[PDB]
>>> print(open('run.pdb').read())   # PDB, C-alpha atoms
MODEL        1
ATOM      1  CA  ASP A 553     -96.289  13.673  -4.357  1.00  0.00           C
ATOM      2  CA  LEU A 554     -93.283  15.328  -6.016  1.00  0.00           C
ATOM      3  CA  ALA A 555     -90.799  14.212  -3.399  1.00  0.00           C
ATOM      4  CA  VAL A 556     -88.369  11.350  -2.875  1.00  0.00           C
ATOM      5  CA  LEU A 557     -87.145  12.001   0.678  1.00  0.00           C
ATOM      6  CA  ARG A 558     -88.059   9.809   3.626  1.00  0.00           C
ATOM      7  CA  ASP A 559     -90.247  10.626   6.616  1.00  0.00           C
ATOM      8  CA  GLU A 560     -87.228  11.553   8.753  1.00  0.00           C
ATOM      9  CA  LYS A 561     -85.730  14.417   6.766  1.00  0.00           C
ATOM     10  CA  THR A 562     -89.238  15.474   5.778  1.00  0.00           C
ATOM     11  CA  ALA A 563     -90.220  15.636   9.446  1.00  0.00           C
ATOM     12  CA  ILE A 564     -87.159  17.745  10.196  1.00  0.00           C
ATOM     13  CA  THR A 565     -87.974  20.075   7.322  1.00  0.00           C
ATOM     14  CA  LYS A 566     -91.600  20.450   8.386  1.00  0.00           C
ATOM     15  CA  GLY A 567     -90.535  21.176  11.947  1.00  0.00           C
ATOM     16  CA  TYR A 568     -88.224  23.904  10.687  1.00  0.00           C
ATOM     17  CA  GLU A 569     -91.048  25.251   8.525  1.00  0.00           C
ATOM     18  CA  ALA A 570     -93.464  25.468  11.462  1.00  0.00           C
ATOM     19  CA  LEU A 571     -90.768  27.064  13.593  1.00  0.00           C
ATOM     20  CA  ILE A 572     -90.292  29.697  10.927  1.00  0.00           C
ATOM     21  CA  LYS A 573     -94.027  30.241  10.553  1.00  0.00           C
ATOM     22  CA  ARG A 574     -93.806  31.310  14.180  1.00  0.00           C
ATOM     23  CA  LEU A 575     -91.559  34.137  12.913  1.00  0.00           C
ATOM     24  CA  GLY A 576     -94.569  36.383  12.300  1.00  0.00           C
ATOM     25  CA  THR A 577     -96.045  39.269  14.249  1.00  0.00           C
ATOM     26  CA  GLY A 578     -97.859  39.312  17.551  1.00  0.00           C
ATOM     27  CA  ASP A 579     -96.868  38.462  21.083  1.00  0.00           C
ATOM     28  CA  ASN A 580     -96.037  34.845  21.917  1.00  0.00           C
ATOM     29  CA  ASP A 581     -93.836  34.982  18.811  1.00  0.00           C
ATOM     30  CA  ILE A 582     -90.052  35.091  18.812  1.00  0.00           C
ATOM     31  CA  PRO A 583     -89.629  38.720  17.615  1.00  0.00           C
ATOM     32  CA  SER A 584     -91.605  40.278  20.460  1.00  0.00           C
ATOM     33  CA  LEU A 585     -89.773  38.030  22.909  1.00  0.00           C
ATOM     34  CA  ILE A 586     -86.391  39.107  21.545  1.00  0.00           C
ATOM     35  CA  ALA A 587     -87.436  42.742  21.868  1.00  0.00           C
ATOM     36  CA  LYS A 588     -88.403  42.017  25.477  1.00  0.00           C
ATOM     37  CA  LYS A 589     -85.275  39.855  25.862  1.00  0.00           C
ATOM     38  CA  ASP A 590     -87.416  36.968  27.123  1.00  0.00           C
ATOM     39  CA  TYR A 591     -84.929  34.376  25.912  1.00  0.00           C
ATOM     40  CA  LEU A 592     -86.576  31.855  28.250  1.00  0.00           C
ATOM     41  CA  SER A 593     -90.085  31.691  26.790  1.00  0.00           C
ATOM     42  CA  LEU A 594     -88.527  30.455  23.545  1.00  0.00           C
ATOM     43  CA  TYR A 595     -87.464  27.195  25.181  1.00  0.00           C
ATOM     44  CA  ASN A 596     -91.105  26.448  26.024  1.00  0.00           C
ATOM     45  CA  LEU A 597     -92.538  26.914  22.543  1.00  0.00           C
ATOM     46  CA  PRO A 598     -94.651  24.032  21.244  1.00  0.00           C
ATOM     47  CA  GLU A 599     -92.703  23.670  18.014  1.00  0.00           C
ATOM     48  CA  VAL A 600     -89.427  22.816  19.728  1.00  0.00           C
ATOM     49  CA  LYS A 601     -91.509  20.427  21.812  1.00  0.00           C
ATOM     50  CA  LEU A 602     -92.628  18.689  18.613  1.00  0.00           C
ATOM     51  CA  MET A 603     -89.130  18.540  17.117  1.00  0.00           C
ATOM     52  CA  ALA A 604     -87.501  17.360  20.350  1.00  0.00           C
ATOM     53  CA  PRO A 605     -88.194  13.627  19.771  1.00  0.00           C
ATOM     54  CA  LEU A 606     -85.915  13.870  16.738  1.00  0.00           C
ATOM     55  CA  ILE A 607     -82.918  14.867  18.869  1.00  0.00           C
ATOM     56  CA  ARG A 608     -80.259  12.329  19.719  1.00  0.00           C
ATOM     57  CA  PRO A 609     -81.509  11.259  23.167  1.00  0.00           C
ATOM     58  CA  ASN A 610     -78.177  10.243  24.710  1.00  0.00           C
ATOM     59  CA  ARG A 611     -76.675  13.738  24.340  1.00  0.00           C
ATOM     60  CA  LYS A 612     -79.718  15.996  24.243  1.00  0.00           C
ATOM     61  CA  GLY A 613     -78.851  17.736  27.496  1.00  0.00           C
ATOM     62  CA  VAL A 614     -75.363  18.843  26.512  1.00  0.00           C
TER      63      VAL A 614
ATOM     64  CA  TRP B 676     -49.597 -12.536  20.363  1.00  0.00           C
ATOM     65  CA  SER B 677     -51.806 -14.673  18.169  1.00  0.00           C
ATOM     66  CA  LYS B 678     -54.270 -17.517  18.343  1.00  0.00           C
ATOM     67  CA  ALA B 679     -53.145 -21.112  17.762  1.00  0.00           C
ATOM     68  CA  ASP B 680     -50.194 -20.150  20.020  1.00  0.00           C
ATOM     69  CA  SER B 681     -52.091 -18.357  22.791  1.00  0.00           C
ATOM     70  CA  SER B 682     -49.789 -19.908  25.378  1.00  0.00           C
ATOM     71  CA  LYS B 683     -47.091 -17.546  24.102  1.00  0.00           C
ATOM     72  CA  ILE B 684     -46.507 -13.800  24.335  1.00  0.00           C
ATOM     73  CA  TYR B 685     -43.795 -12.209  22.205  1.00  0.00           C
ATOM     74  CA  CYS B 686     -41.760  -9.254  23.472  1.00  0.00           C
ATOM     75  CA  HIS B 687     -39.309  -8.019  20.826  1.00  0.00           C
ATOM     76  CA  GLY B 688     -39.432 -11.566  19.500  1.00  0.00           C
ATOM     77  CA  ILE B 689     -38.727 -13.015  22.951  1.00  0.00           C
ATOM     78  CA  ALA B 690     -41.425 -15.645  23.400  1.00  0.00           C
ATOM     79  CA  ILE B 691     -42.713 -15.867  26.974  1.00  0.00           C
ATOM     80  CA  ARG B 692     -44.893 -18.579  28.478  1.00  0.00           C
ATOM     81  CA  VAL B 693     -48.163 -18.377  30.390  1.00  0.00           C
ATOM     82  CA  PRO B 694     -48.232 -20.153  33.784  1.00  0.00           C
ATOM     83  CA  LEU B 695     -51.776 -21.223  32.870  1.00  0.00           C
ATOM     84  CA  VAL B 696     -53.735 -22.633  29.930  1.00  0.00           C
ATOM     85  CA  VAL B 697     -56.728 -21.112  28.149  1.00  0.00           C
ATOM     86  CA  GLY B 698     -58.797 -21.952  25.096  1.00  0.00           C
ATOM     87  CA  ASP B 699     -61.671 -19.496  25.515  1.00  0.00           C
ATOM     88  CA  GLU B 700     -60.593 -16.916  28.114  1.00  0.00           C
ATOM     89  CA  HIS B 701     -58.921 -15.112  25.199  1.00  0.00           C
ATOM     90  CA  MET B 702     -61.356 -16.015  22.415  1.00  0.00           C
ATOM     91  CA  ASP B 703     -63.685 -13.224  23.620  1.00  0.00           C
ATOM     92  CA  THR B 704     -62.067  -9.935  22.575  1.00  0.00           C
ATOM     93  CA  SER B 705     -65.272  -8.127  21.572  1.00  0.00           C
ATOM     94  CA  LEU B 706     -64.600  -5.560  24.319  1.00  0.00           C
ATOM     95  CA  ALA B 707     -60.801  -5.208  24.177  1.00  0.00           C
ATOM     96  CA  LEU B 708     -60.833  -3.063  21.024  1.00  0.00           C
ATOM     97  CA  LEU B 709     -62.890  -0.056  22.126  1.00  0.00           C
ATOM     98  CA  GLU B 710     -64.153   1.184  25.480  1.00  0.00           C
ATOM     99  CA  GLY B 711     -67.942   1.372  25.376  1.00  0.00           C
ATOM    100  CA  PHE B 712     -68.504  -0.649  22.228  1.00  0.00           C
ATOM    101  CA  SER B 713     -68.587  -4.242  21.063  1.00  0.00           C
ATOM    102  CA  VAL B 714     -67.750  -5.867  17.765  1.00  0.00           C
ATOM    103  CA  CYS B 715     -70.614  -7.053  15.581  1.00  0.00           C
ATOM    104  CA  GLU B 716     -71.220  -8.670  12.215  1.00  0.00           C
ATOM    105  CA  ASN B 717     -69.683  -6.980   9.192  1.00  0.00           C
ATOM    106  CA  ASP B 718     -71.830  -4.458   7.335  1.00  0.00           C
ATOM    107  CA  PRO B 719     -70.540  -2.300   4.461  1.00  0.00           C
ATOM    108  CA  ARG B 720     -73.555   0.007   4.645  1.00  0.00           C
ATOM    109  CA  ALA B 721     -72.305   1.302   7.976  1.00  0.00           C
ATOM    110  CA  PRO B 722     -70.247   4.484   7.518  1.00  0.00           C
ATOM    111  CA  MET B 723     -66.563   4.782   8.285  1.00  0.00           C
ATOM    112  CA  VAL B 724     -65.698   7.005  11.237  1.00  0.00           C
ATOM    113  CA  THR B 725     -62.826   8.103  13.464  1.00  0.00           C
ATOM    114  CA  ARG B 726     -62.091   7.857  17.177  1.00  0.00           C
ATOM    115  CA  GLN B 727     -63.371  11.371  17.961  1.00  0.00           C
ATOM    116  CA  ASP B 728     -66.915  11.440  16.573  1.00  0.00           C
ATOM    117  CA  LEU B 729     -67.580   8.199  18.483  1.00  0.00           C
ATOM    118  CA  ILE B 730     -68.845  10.319  21.371  1.00  0.00           C
ATOM    119  CA  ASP B 731     -71.840  11.568  19.366  1.00  0.00           C
ATOM    120  CA  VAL B 732     -73.100   8.125  18.346  1.00  0.00           C
ATOM    121  CA  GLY B 733     -76.268   6.486  19.604  1.00  0.00           C
ATOM    122  CA  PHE B 734     -77.470   2.930  20.161  1.00  0.00           C
ATOM    123  CA  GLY B 735     -78.427   0.331  17.602  1.00  0.00           C
ATOM    124  CA  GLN B 736     -76.238   2.328  15.212  1.00  0.00           C
TER     125      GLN B 736
ENDMDL
END
>>> encode(input="run.pdb", output="structure tokens")
Amino acid sequence: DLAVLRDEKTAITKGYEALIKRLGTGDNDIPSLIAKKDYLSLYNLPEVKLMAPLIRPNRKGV
Amino acid sequence: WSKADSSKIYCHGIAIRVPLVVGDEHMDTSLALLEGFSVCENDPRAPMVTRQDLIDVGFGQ
């Protein structure tokens, strides 16, 4: 209610928020994976999968 | 060169002639300015840019 931004920047911000909320404790989270050096399992998180549609599609691979 | 005299091509002021005649073959220059773009109707809202950032643009933009 106390906001003036549009759905786009708000969606980006909420995606970042969720991605940070995954910064907690417990396996399947990014800290444990870093400790195990499982840099690959991060790519398959669900949060990046929800923020992906926001990426520029014509240059998302690069 | 310029329109209304399209049958001429200046080279250091030396006017040269075209062996042909055209009234529309030249009128369509929407693709002779940039490579993968096309001119469109004027819009001040659109932001000014350079030749480098063009690579990171999308469509309908």
>>> interface_residues(input="run.pdb", of="chain A", to="chain B", cutoff="12 Å", atoms="only C-alpha atoms", output="list in words")
residues 607, 608, 609, 610, 611, 612 and 614 of chain A
>>> atom_distance(input="run.pdb", atom1="CA of residue 567 (chain A)", atom2="CA of residue 600 (chain A)")
8.0 Å
>>> atom_distance(input="run.pdb", atom1="CA of residue 714 (chain B)", atom2="CA of residue 560 (chain A)")
27.6 Å
>>> residues_around(input="run.pdb", residues="region 679-691 of chain B", least_positions_apart="5", cutoff="12 Å", atoms="all atoms listed in the file", output="PyMOL selection string")
chain B and resi 696-702
>>> write_last_selection(input="run.pdb", atoms="C-alpha atoms", output="PDB file, in the frame of the given file")
ATOM      1  CA  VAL B 696     -53.735 -22.633  29.930  1.00  0.00           C
ATOM      2  CA  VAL B 697     -56.728 -21.112  28.149  1.00  0.00           C
ATOM      3  CA  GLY B 698     -58.797 -21.952  25.096  1.00  0.00           C
ATOM      4  CA  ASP B 699     -61.671 -19.496  25.515  1.00  0.00           C
ATOM      5  CA  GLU B 700     -60.593 -16.916  28.114  1.00  0.00           C
ATOM      6  CA  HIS B 701     -58.921 -15.112  25.199  1.00  0.00           C
ATOM      7  CA  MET B 702     -61.356 -16.015  22.415  1.00  0.00           C
TER       8      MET B 702
END
>>> resolve_selection(input="run.pdb", expression="the PyMOL selection byres ((chain A and resi 571) around 12)", output="list in words")
residues 564, 565, 566, 567, 568, 569, 570, 572, 573, 574, 575, 576, 581, 582, 594, 597, 598, 599, 600, 601, 602 and 603 of chain A
>>> atom_distance(input="run.pdb", atom1="CA of residue 693 (chain B)", atom2="CA of residue 713 (chain B)")
26.5 Å
>>> axis_aligned_box(input="run.pdb", around="region 564-575 of chain A", padding_each_side="6 Å", output="JSON")
{"center_x": -90.6, "center_y": 25.9, "center_z": 10.8, "size_x": 18.9, "size_y": 28.4, "size_z": 18.9}
